[PDB]
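Heads up, the chain shows up twice below as structure tokens, two forms, tagged structure 1 and structure 2.
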Structure 1
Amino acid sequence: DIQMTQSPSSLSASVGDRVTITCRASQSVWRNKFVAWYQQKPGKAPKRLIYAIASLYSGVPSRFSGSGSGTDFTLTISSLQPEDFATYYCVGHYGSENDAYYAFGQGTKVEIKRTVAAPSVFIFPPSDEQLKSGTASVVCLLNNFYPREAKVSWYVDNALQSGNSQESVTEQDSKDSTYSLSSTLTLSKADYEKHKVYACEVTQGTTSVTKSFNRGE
């Protein structure tokens, strides 16, 4: 086997910052040079950026450069751009006449650092159409916030909910560098029609924002 260990595992940097990602192979890579760097943007297959430690592939932006030898390798982004939001992998090959193993590093997430932005919070009751299926989904939207971290808490007639919500986050927006999050509270039709006030509470820093509705209004 061979493995690759990348550092850091995630980073934030401002537009135009220099970014450095390091990678340590558990074995000497083949011919001391068989290391590539891959980039995976959101919703895309992986794309090779650099091969043989430092060779930039045709059509890869020139702010990407690779360095190192033996078992220690480094990817440098000289001037971070929003389009660089991706997970980056070093890929190493261990070879001998009786060996041929490859490994990806664990990946390094890169995002753009910007100023904090408060989310715009919207809450949606279940449709009457879904209720006839026996299930009620209450959706809470947190739109265009930064940074990615936020706490969402569901309240039903002031009772804190637990274990019946699921959350999902977008990738960083290429233009405003914000994220968006959805929290969906799932209830039985019986439970939903039994209570009145539904509230989603969003906490970012020193601010909590709660959007609510009363059932059937």
Structure 2
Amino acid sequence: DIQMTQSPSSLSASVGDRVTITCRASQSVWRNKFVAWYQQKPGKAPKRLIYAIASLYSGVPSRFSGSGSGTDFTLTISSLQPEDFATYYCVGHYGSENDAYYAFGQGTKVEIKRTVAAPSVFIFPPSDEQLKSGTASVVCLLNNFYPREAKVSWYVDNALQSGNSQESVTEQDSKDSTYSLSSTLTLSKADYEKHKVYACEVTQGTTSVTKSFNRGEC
């Protein structure tokens, strides 16, 4: 089919930085002209900023500009501002006189660069309330760290766990630009009660921090 690609997929930048996002279509777009750029923020619908390659919609800051031709297009942000950290999509129209299609690029997430920050790490045993129901959720919290990349590993009596955990990460914080991460280890009540030491290990670069509890010991 038709396919569009943006470079990069992820970008960390600072306020005031010049930003360039490229978009290449697998074939020339309609009239070499029908490409728009959209901006999307978490939990929000996509907002169009540029159309027909280079035209800005009313109210769109002049720091945004668009260029390119045929199969290659570029979004430029001359001086990145706080309200510009978001995901950007190029979108192209294609077809013939009896054909009409559209395709999106995969999106480019523009996040805000900041100082490295180690997480505060907390580990929660399953609540007694939950254990009554026969399942044990063990929760490891990584609070307010940077960068987003981190390897969380669970250990039960010093045995690496695999396949029995799921993980979620917040969007970058509006105030301090950090991320937080929640990882839940799910075990039967039976398995949980056949072991003592529960440990969540966070590795970021040259540092691993392991936080532990022993079942029953407050």
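Please note that residue numbering is based on structure 1, beginning with 1 at the start of its sequence. Whichever C-alpha set is largest while still superposing within 1.5 Å between the two forms counts as the rigid core.
- Treating the change between structures 1 and 2 as two rigid bodies, the C-alpha atoms of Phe122 and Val202 are both best fitted by the same body's superposition.
- With both rigid parts superposed separately on C-alpha atoms, the smaller turns by 13° against the larger between structures 1 and 2.
- For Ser96, the displacement of the CA atom between structures 1 and 2, after superposition on the rigid core, amounts to 4.0 Å.
- At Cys23, the distance the Cα travels between structures 1 and 2 is 1.3 Å after the core is superposed.
- The shift recorded for the CA atom of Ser55 between structures 1 and 2 is 2.6 Å, with superposition on the rigid core.
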